[PDB]
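The next block is model38.txt, given as compact mmCIF, C-alpha atoms.
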# COMPACT_ATOMS: atom_id res chain seq x y z
CA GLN T 1 -15.38 139.56 -151.82
CA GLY T 2 -16.23 140.54 -155.41
CA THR T 3 -13.20 139.16 -157.26
CA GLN T 4 -13.58 137.07 -160.40
CA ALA T 5 -13.02 133.32 -160.11
CA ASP T 6 -13.76 130.79 -162.83
CA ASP T 7 -16.29 127.99 -162.38
CA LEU T 8 -13.87 125.29 -161.27
CA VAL T 9 -16.70 122.98 -160.15
CA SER T 10 -18.28 122.64 -163.60
CA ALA T 11 -14.86 122.28 -165.23
CA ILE T 12 -14.12 119.40 -162.86
CA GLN T 13 -17.57 117.94 -163.58
CA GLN T 14 -16.84 117.93 -167.32
CA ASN T 15 -13.08 117.12 -167.35
CA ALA T 16 -12.37 115.11 -164.21
CA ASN T 17 -9.62 113.05 -165.88
CA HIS T 18 -7.53 116.14 -166.65
CA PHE T 19 -8.24 117.80 -163.32
CA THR T 20 -7.02 114.71 -161.45
CA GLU T 21 -3.52 115.29 -162.84
CA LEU T 22 -3.89 119.08 -162.49
CA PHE T 23 -4.71 118.69 -158.78
CA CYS T 24 -1.88 116.18 -158.32
CA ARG T 25 0.61 118.61 -159.88
CA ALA T 26 -0.72 121.48 -157.75
CA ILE T 27 -0.39 119.34 -154.62
CA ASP T 28 3.15 118.29 -155.57
CA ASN T 29 4.09 121.96 -156.06
CA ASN T 30 3.47 122.84 -152.39
CA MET T 31 4.17 119.73 -150.32
CA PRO T 32 5.00 120.30 -146.62
CA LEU T 33 8.20 118.76 -145.32
CA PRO T 34 7.76 115.60 -143.21
CA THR T 35 8.08 116.38 -139.51
CA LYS T 36 8.53 112.70 -138.65
CA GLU T 37 11.89 111.14 -139.48
CA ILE T 38 11.89 108.02 -141.65
CA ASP T 39 12.72 104.78 -139.82
CA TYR T 40 12.72 101.01 -140.23
CA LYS T 41 8.97 100.62 -139.55
CA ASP T 42 7.85 102.60 -142.61
CA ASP T 43 6.59 101.05 -145.83
CA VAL T 44 8.90 99.94 -148.62
CA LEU T 45 7.22 102.36 -151.03
CA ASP T 46 7.91 105.27 -148.67
CA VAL T 47 11.64 104.55 -148.42
CA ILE T 48 11.81 103.99 -152.20
CA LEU T 49 10.21 107.39 -152.89
CA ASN T 50 12.46 109.02 -150.28
CA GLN T 51 15.54 107.52 -151.96
CA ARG T 52 14.26 108.74 -155.33
CA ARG T 53 13.81 112.27 -153.97
CA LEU T 54 17.29 112.27 -152.42
CA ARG T 55 18.73 111.00 -155.71
CA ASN T 56 16.96 113.86 -157.51
CA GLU T 57 18.47 116.47 -155.18
CA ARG T 58 21.90 114.86 -155.49
CA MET T 59 21.69 114.91 -159.30
CA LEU T 60 20.68 118.58 -159.26
CA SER T 61 23.50 119.46 -156.83
CA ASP T 62 26.10 117.52 -158.84
CA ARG T 63 25.07 119.16 -162.13
CA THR T 64 25.06 122.64 -160.57
CA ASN T 65 28.51 122.00 -159.08
CA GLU T 66 29.87 120.71 -162.41
CA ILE T 67 28.56 123.65 -164.45
CA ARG T 68 29.78 126.14 -161.83
CA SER T 69 33.19 124.44 -161.88
CA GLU T 70 33.37 124.76 -165.67
CA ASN T 71 32.92 128.57 -165.34
CA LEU T 72 32.20 129.22 -169.01
CA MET T 73 32.03 133.02 -169.18
CA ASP T 74 33.99 133.93 -165.99
CA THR T 75 31.43 136.64 -165.26
CA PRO T 76 24.38 140.01 -161.71
CA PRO T 77 24.47 137.02 -159.34
CA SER T 78 20.69 136.51 -159.39
CA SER T 79 20.58 136.30 -163.20
CA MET T 80 23.42 133.76 -163.34
CA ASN T 81 21.84 131.70 -160.53
CA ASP T 82 18.50 131.68 -162.38
CA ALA T 83 20.10 130.72 -165.70
CA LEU T 84 22.18 128.01 -163.99
CA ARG T 85 19.00 126.68 -162.36
CA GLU T 86 17.21 126.48 -165.71
CA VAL T 87 20.14 124.85 -167.51
CA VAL T 88 20.55 122.27 -164.71
CA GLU T 89 16.78 121.66 -164.68
CA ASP T 90 16.47 121.01 -168.42
CA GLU T 91 19.82 119.21 -168.75
CA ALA W 1 26.98 125.38 -177.06
CA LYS W 2 23.57 124.42 -175.64
CA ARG W 3 24.69 125.37 -172.14
CA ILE W 4 26.63 128.39 -173.41
CA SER W 5 23.62 129.81 -175.29
CA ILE W 6 21.19 129.34 -172.37
CA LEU W 7 23.43 131.27 -169.96
CA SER W 8 23.85 134.11 -172.50
CA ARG W 9 20.40 135.40 -173.50
CA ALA W 10 19.19 135.25 -169.88
CA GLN W 11 22.14 137.39 -168.69
CA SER W 12 22.99 139.97 -171.40
CA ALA W 13 19.48 141.44 -171.47
CA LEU W 14 11.89 130.15 -178.40
CA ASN W 15 15.34 129.59 -179.88
CA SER W 16 16.53 126.36 -181.50
CA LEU W 17 20.20 125.38 -181.81
CA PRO W 18 21.15 123.22 -184.81
CA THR W 19 23.92 120.65 -184.81
CA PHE W 20 27.22 122.52 -184.96
CA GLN W 21 29.62 122.00 -187.84
CA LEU W 22 33.16 120.77 -187.28
CA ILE W 23 35.61 122.67 -189.47
CA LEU W 24 39.14 121.44 -188.82
CA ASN W 25 42.37 122.69 -190.38
CA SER W 26 45.94 121.44 -190.15
CA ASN W 27 49.50 122.27 -191.17
CA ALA W 28 50.68 118.65 -191.50
CA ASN W 29 52.22 116.95 -194.53
CA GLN W 30 50.34 117.67 -197.75
CA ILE W 31 49.58 114.62 -199.87

Do you think you could lay out the structure here as structure tokens?
Amino acid sequence: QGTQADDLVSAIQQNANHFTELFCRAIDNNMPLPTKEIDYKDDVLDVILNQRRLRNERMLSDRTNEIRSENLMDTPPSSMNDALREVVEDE
Amino acid sequence: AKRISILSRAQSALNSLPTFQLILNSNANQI
């Protein structure tokens, strides 16, 4: 097509240890939602990771609710939602 | 102040925040 793309193959051939984690992060960025519902026949690791993910979402929701309930400035909804997302994410 | 300062510069359009100083005054009995 003519566009410029870097030589990813040689970079993987010379730095496979870094590109393992790079690929894992890229995969974790866009992970499709599970169509199948979790049940009692799944592995213990799967239910542990599912509980960890649900705990992560509950922590994020609780922190967002707490900071929104504080209402520091009493004041652009997209800007305040973005800033609230960043402060919840790094807090 | 960490969560006040983050919500401010991203809305009224790196930065490091030091430990804030407590200055406290009173009108109680004077020894």

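CA of residue 21 (chain W) is positioned 23.5 Å from CA of residue 90 (chain T).
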
Just the residues within 10 Å of residue 86 (chain T), please, counting all atoms listed in the file, with nothing from its chain fewer than 5 positions along; format it as an MDAnalysis selection string. (chainID T and resid 80:81 91) or (chainID W and resid 3 6:7 10)

Within 12 Å of chain W, which residues of chain T come that close, and what is the closest atom pair and distance in Å for each? Count only C-alpha atoms and give it as JSON lines.
{"residue": "T:63", "atom": "CA", "partner": "W:3", "partner_atom": "CA", "distance": 11.8}
{"residue": "T:64", "atom": "CA", "partner": "W:3", "partner_atom": "CA", "distance": 11.9}
{"residue": "T:66", "atom": "CA", "partner": "W:3", "partner_atom": "CA", "distance": 12.0}
{"residue": "T:67", "atom": "CA", "partner": "W:3", "partner_atom": "CA", "distance": 8.8}
{"residue": "T:68", "atom": "CA", "partner": "W:7", "partner_atom": "CA", "distance": 11.5}
{"residue": "T:70", "atom": "CA", "partner": "W:3", "partner_atom": "CA", "distance": 10.8}
{"residue": "T:71", "atom": "CA", "partner": "W:4", "partner_atom": "CA", "distance": 10.2}
{"residue": "T:72", "atom": "CA", "partner": "W:4", "partner_atom": "CA", "distance": 7.1}
{"residue": "T:73", "atom": "CA", "partner": "W:4", "partner_atom": "CA", "distance": 8.3}
{"residue": "T:74", "atom": "CA", "partner": "W:7", "partner_atom": "CA", "distance": 11.6}
{"residue": "T:75", "atom": "CA", "partner": "W:11", "partner_atom": "CA", "distance": 9.9}
{"residue": "T:76", "atom": "CA", "partner": "W:11", "partner_atom": "CA", "distance": 7.8}
{"residue": "T:77", "atom": "CA", "partner": "W:11", "partner_atom": "CA", "distance": 9.6}
{"residue": "T:78", "atom": "CA", "partner": "W:11", "partner_atom": "CA", "distance": 9.5}
{"residue": "T:79", "atom": "CA", "partner": "W:11", "partner_atom": "CA", "distance": 5.8}
{"residue": "T:80", "atom": "CA", "partner": "W:11", "partner_atom": "CA", "distance": 6.6}
{"residue": "T:81", "atom": "CA", "partner": "W:7", "partner_atom": "CA", "distance": 9.6}
{"residue": "T:82", "atom": "CA", "partner": "W:10", "partner_atom": "CA", "distance": 8.3}
{"residue": "T:83", "atom": "CA", "partner": "W:7", "partner_atom": "CA", "distance": 5.4}
{"residue": "T:84", "atom": "CA", "partner": "W:7", "partner_atom": "CA", "distance": 6.9}
{"residue": "T:85", "atom": "CA", "partner": "W:7", "partner_atom": "CA", "distance": 9.9}
{"residue": "T:86", "atom": "CA", "partner": "W:6", "partner_atom": "CA", "distance": 8.3}
{"residue": "T:87", "atom": "CA", "partner": "W:3", "partner_atom": "CA", "distance": 6.5}
{"residue": "T:88", "atom": "CA", "partner": "W:3", "partner_atom": "CA", "distance": 9.1}
{"residue": "T:89", "atom": "CA", "partner": "W:3", "partner_atom": "CA", "distance": 11.5}
{"residue": "T:90", "atom": "CA", "partner": "W:3", "partner_atom": "CA", "distance": 10.0}
{"residue": "T:91", "atom": "CA", "partner": "W:3", "partner_atom": "CA", "distance": 8.6}

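Between CA of residue 37 (chain T) and CA of residue 22 (chain T) lies a distance of 29.0 Å.
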
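The spacing separating CA of residue 57 (chain T) from CA of residue 20 (chain T) amounts to 26.3 Å.
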
At the level of N, CA, C and O atoms, write region 9-29 of chain W to a file as an mmCIF file, in the first residue's frame, please.
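New file selection01.cif:
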data_model
loop_
_atom_site.group_PDB
_atom_site.id
_atom_site.type_symbol
_atom_site.label_atom_id
_atom_site.label_comp_id
_atom_site.auth_asym_id
_atom_site.auth_seq_id
_atom_site.Cartn_x
_atom_site.Cartn_y
_atom_site.Cartn_z
ATOM 1 N N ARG W 9 -5.733 22.102 36.422
ATOM 2 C CA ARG W 9 -4.990 22.426 35.210
ATOM 3 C C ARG W 9 -5.496 21.675 33.988
ATOM 4 O O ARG W 9 -5.129 22.032 32.862
ATOM 5 N N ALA W 10 -6.321 20.649 34.177
ATOM 6 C CA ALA W 10 -6.959 19.951 33.070
ATOM 7 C C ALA W 10 -8.345 20.495 32.755
ATOM 8 O O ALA W 10 -9.026 19.947 31.882
ATOM 9 N N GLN W 11 -8.778 21.554 33.442
ATOM 10 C CA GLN W 11 -10.105 22.119 33.251
ATOM 11 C C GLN W 11 -10.095 23.610 32.942
ATOM 12 O O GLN W 11 -10.956 24.067 32.181
ATOM 13 N N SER W 12 -9.146 24.373 33.478
ATOM 14 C CA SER W 12 -9.076 25.816 33.275
ATOM 15 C C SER W 12 -8.103 26.177 32.157
ATOM 16 O O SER W 12 -7.449 27.221 32.191
ATOM 17 N N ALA W 13 -7.998 25.312 31.153
ATOM 18 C CA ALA W 13 -7.122 25.560 30.013
ATOM 19 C C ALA W 13 -7.737 26.588 29.068
ATOM 20 O O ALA W 13 -7.570 27.793 29.253
ATOM 21 N N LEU W 14 5.718 18.071 33.487
ATOM 22 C CA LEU W 14 5.032 17.601 34.684
ATOM 23 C C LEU W 14 5.044 18.655 35.783
ATOM 24 O O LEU W 14 5.812 19.615 35.732
ATOM 25 N N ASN W 15 4.180 18.466 36.777
ATOM 26 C CA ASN W 15 4.114 19.326 37.949
ATOM 27 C C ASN W 15 4.223 18.463 39.198
ATOM 28 O O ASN W 15 3.595 17.403 39.281
ATOM 29 N N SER W 16 5.020 18.916 40.161
ATOM 30 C CA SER W 16 5.232 18.203 41.414
ATOM 31 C C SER W 16 4.702 19.043 42.564
ATOM 32 O O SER W 16 4.982 20.244 42.640
ATOM 33 N N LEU W 17 3.944 18.412 43.457
ATOM 34 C CA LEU W 17 3.373 19.089 44.612
ATOM 35 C C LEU W 17 4.166 18.730 45.857
ATOM 36 O O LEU W 17 4.245 17.544 46.211
ATOM 37 N N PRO W 18 4.765 19.696 46.543
ATOM 38 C CA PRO W 18 5.479 19.398 47.786
ATOM 39 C C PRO W 18 4.503 19.159 48.929
ATOM 40 O O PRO W 18 3.292 19.345 48.803
ATOM 41 N N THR W 19 5.057 18.729 50.059
ATOM 42 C CA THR W 19 4.253 18.566 51.260
ATOM 43 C C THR W 19 3.806 19.930 51.766
ATOM 44 O O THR W 19 4.628 20.831 51.961
ATOM 45 N N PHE W 20 2.503 20.087 51.963
ATOM 46 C CA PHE W 20 1.954 21.368 52.368
ATOM 47 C C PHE W 20 2.317 21.676 53.815
ATOM 48 O O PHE W 20 2.541 20.782 54.633
ATOM 49 N N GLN W 21 2.380 22.966 54.121
ATOM 50 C CA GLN W 21 2.749 23.435 55.447
ATOM 51 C C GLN W 21 1.495 23.761 56.240
ATOM 52 O O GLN W 21 0.595 24.441 55.738
ATOM 53 N N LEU W 22 1.437 23.274 57.475
ATOM 54 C CA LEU W 22 0.356 23.628 58.382
ATOM 55 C C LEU W 22 0.762 24.881 59.146
ATOM 56 O O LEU W 22 1.713 24.862 59.935
ATOM 57 N N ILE W 23 0.049 25.973 58.899
ATOM 58 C CA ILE W 23 0.130 27.182 59.704
ATOM 59 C C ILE W 23 -1.177 27.272 60.470
ATOM 60 O O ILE W 23 -2.251 27.293 59.863
ATOM 61 N N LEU W 24 -1.106 27.291 61.794
ATOM 62 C CA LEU W 24 -2.322 27.324 62.591
ATOM 63 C C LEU W 24 -2.238 28.427 63.632
ATOM 64 O O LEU W 24 -1.235 28.549 64.341
ATOM 65 N N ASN W 25 -3.292 29.235 63.699
ATOM 66 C CA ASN W 25 -3.389 30.370 64.598
ATOM 67 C C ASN W 25 -4.538 30.146 65.569
ATOM 68 O O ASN W 25 -5.439 29.342 65.320
ATOM 69 N N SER W 26 -4.503 30.870 66.683
ATOM 70 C CA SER W 26 -5.539 30.729 67.693
ATOM 71 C C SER W 26 -5.696 32.037 68.449
ATOM 72 O O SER W 26 -4.811 32.897 68.439
ATOM 73 N N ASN W 27 -6.847 32.177 69.105
ATOM 74 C CA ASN W 27 -7.137 33.310 69.974
ATOM 75 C C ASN W 27 -7.365 32.872 71.415
ATOM 76 O O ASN W 27 -8.124 33.518 72.144
ATOM 77 N N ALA W 28 -6.721 31.789 71.837
ATOM 78 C CA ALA W 28 -6.924 31.226 73.164
ATOM 79 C C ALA W 28 -6.121 32.018 74.193
ATOM 80 O O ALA W 28 -5.621 33.113 73.924
ATOM 81 N N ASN W 29 -6.006 31.467 75.399
ATOM 82 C CA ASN W 29 -5.254 32.124 76.458
ATOM 83 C C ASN W 29 -3.772 32.176 76.111
ATOM 84 O O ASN W 29 -3.199 31.210 75.602
#
